[PDB]
Amino acid sequence: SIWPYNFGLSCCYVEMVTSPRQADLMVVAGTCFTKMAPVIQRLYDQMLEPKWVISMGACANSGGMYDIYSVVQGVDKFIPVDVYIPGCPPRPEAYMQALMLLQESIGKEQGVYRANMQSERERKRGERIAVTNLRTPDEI
Amino acid sequence: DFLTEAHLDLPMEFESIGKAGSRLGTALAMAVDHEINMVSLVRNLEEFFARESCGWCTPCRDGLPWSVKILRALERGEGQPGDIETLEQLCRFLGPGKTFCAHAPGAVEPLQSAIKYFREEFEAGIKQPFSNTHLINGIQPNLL
Ligand code: SF4
Ligand code: SF4
């Protein structure tokens, strides 16, 4: 029962489409700009006490490719973030896997609980490293 | 440079052999009969010239071994279709003033005359097509 306020802007909300004072989830997507950052900070303030924030895309996780004068280098500089979903743009399946990775936090409570120390980098490690062969890219 | 039977009845002077496309040199002449394959004869000549390079200048030190390797391919019958046009280019770029001394210009003088007068035996070496690369799986090549 999670209510999502999607603030996806340009070129990252087109994947989300394929996929106030009422939401408990803020899915920040798109490039966060210096000029428009008070809008996201006020929308974050308006929400109620149990907030959750999902950052998706490289432009929201970091500055991404735009290490430039007009772009803030990540939404985590000014708002707390719970889940980070890399990509440019991420996939709808990744959005699904973000909500699945977040219900575990909602059911695990300071919500670290000494159980969130396990990370997908180390958890799926023995899956990923044992891979030997991949399809040749001259075919469809 | 090699000369033919038509180039006899011509006096042994410097400018008379000079106007016939060759040089008078030491004036000691060598006769080639009908049983010597011209490609083998030139390959023997270039092998001597390549190995007698002093090694100072690039178009002699590195150009002449390429000519030797092409002629070895032509003699065995492994020559590729771009090979004869490479021999032509080598002769042009090893001429006078382009190398440090006159060794390299003297080396290409038999080679350019033998292609001019005996192109059919050099063309007989070309029996294989052009391939200097091997296939790599997963990479489609650039098809000319
Ligand atoms: S992360 Fe990539 S796709 Fe998303 S807004 Fe930035 S540049 Fe566009
Ligand atoms: S052309 Fe003369 S100087 Fe140059 S490498 Fe040959 S022998 Fe040496």
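Start at 1 and go down the list; that is how both ligands and their atoms are numbered. A note on names: the letters A, B, ... follow the listed sequences, proteins ahead of strands, and every chain is numbered from 1. Just so you know, these numbers use all the heavy atoms, side chains as well, and skip hydrogens, waters and symmetry mates.
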Under 2.8 Å from atom 6 (Fe) of ligand 2, can any N, O or S atom of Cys60(B) be found? yes
Under a 4.0 Å threshold between the charged nitrogen and the carboxylate oxygen, would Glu122(A) count as salt-bridged to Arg125(A)? yes
Any idea which atoms of ligand 1 are less than 4.0 Å away from a heavy-atom of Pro89(A)? 3 (S)
Report whether any nitrogen, oxygen or sulfur of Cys59(A) sits less than 2.8 Å from atom 6 (Fe) of ligand 1 (N, O or S, backbone or side chain). yes
Could you list which atoms of ligand 2 come closer than 4.0 Å to a heavy atom of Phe100(B)? 3 (S)
Which heavy atom of the protein is the closest neighbour of atom 2 (Fe) of ligand 2, given with residue, atom name and distance? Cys101(B) SG, 2.3 Å
Quick one: do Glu85(B) and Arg119(B) make a salt bridge, cutoff under 4.0 Å? yes
Does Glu47(B) come within less than 4.0 Å of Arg43(B), counting only side-chain N to carboxylate O? yes
Under a 4.0 angstrom heavy-atom cut-off, which atoms of ligand 1 come close to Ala58(A)? 1 (S)
Does ligand 1 have any atom sitting under 4.0 Å from a heavy atom of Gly30(A)? yes
Nearest-contact summary for atom 5 (S) of ligand 2 - protein heavy atom, Å: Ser53(B) OG, 3.2 Å
Which residue holds the protein heavy atom closest to atom 7 (S) of ligand 2, what is that atom called, and what is the gap in Å? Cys54(B) N, 3.4 Å
Steps toward side chain to side chain donor-acceptor pair (under 3.5 Å) verdict (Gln73(A), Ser62(A)): CA-CA 5 Å; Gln73(A) 306 301 285; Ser62(A) 46; over 6 Å; no
Residue part near ligand 1, for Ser10(A), under 4.0 Å between non-hydrogen atoms: backbone
Taking NZ, NE, NH1 and NH2 as the nitrogens, is one of them in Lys127(B) or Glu78(B) under 4.0 Å from a carboxylate oxygen of the other? no
Inspect the contact between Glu120(A) and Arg123(A) and indicate whether a charged nitrogen and a carboxylate oxygen are less than 4.0 angstrom apart. yes
Quick one: look up the protein heavy atom nearest atom 4 (Fe) of ligand 2 and list residue, atom name and how far away it is. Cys57(B) SG, 2.3 Å
